[PDB]
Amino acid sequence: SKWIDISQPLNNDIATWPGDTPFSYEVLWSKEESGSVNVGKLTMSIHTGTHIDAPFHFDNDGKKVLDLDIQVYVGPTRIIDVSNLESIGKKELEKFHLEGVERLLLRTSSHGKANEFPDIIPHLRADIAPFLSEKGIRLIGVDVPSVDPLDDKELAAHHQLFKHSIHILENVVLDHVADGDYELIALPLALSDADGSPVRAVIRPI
């Protein structure tokens, strides 16, 4: 059974957060110039395309990306539809079967345009954390750039999720995949000092 790509393409047309570094890939040394190889240079914000946050992003004493447990980003995941909801909390999630789930991906179907930064997204309410924590959920993923509203500076959801040991994955592309169980892979790069990492997220149907 094939792996399916649920990552946003990364190129110089991708959207970023306002005030983040624009994405740049450029060929530093071409093959004409080097005599052998095309060699690339990559400049970006960590939070561009499909990626994971580390606690250090929103907490000065938080863990950096390399201090994170890799076991969390690989394994069984459940995918659910939570479209047409302004916000998502305990109430909206109690209707789903979630027993023994370790990793949960939410399809909001809210945006899905990797080249535009949205004006508004559905966010997670802070009661979601104790609820998911209690069920054993270590990772939550959403198909939008954030778990908190776009203009919120408190980042309640970020803080609460990581206080309950739930890790965060943003900007997965879920419109071409059905609800259900899969294996997930979405590993961060081994960055010693970083606040997050882009990843290649992929899934395979159980």
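Throughout, we count residues from 1 along the sequence that is shown.
As the entry records it, the average C-alpha temperature factor is higher for 116-124, out of 93-101 and 116-124. When the two stretches 49-57 and 147-155 are set side by side, the higher mean Cα temperature factor goes to 147-155.
Within the selection 11, 197, 16, 192, the deposited Cα B-factor values reach their highest point at 16. Sort the chain's modelled residues by C-alpha temperature factor and residue 36 lands in the highest third, per the entry. Sort the chain's modelled residues by C-alpha temperature factor and residue 69 lands in the middle third, per the entry. Per the deposited record, the Cα B-factor of residue 135 falls in the highest third when ranked against the other modelled residues of its chain. Ranked against the other modelled residues of its chain, the C-alpha B-factor of residue 111 as given in the entry falls in the highest third. Sorting the modelled residues of the chain by their CA temperature factor places residue 181 in the lowest third.
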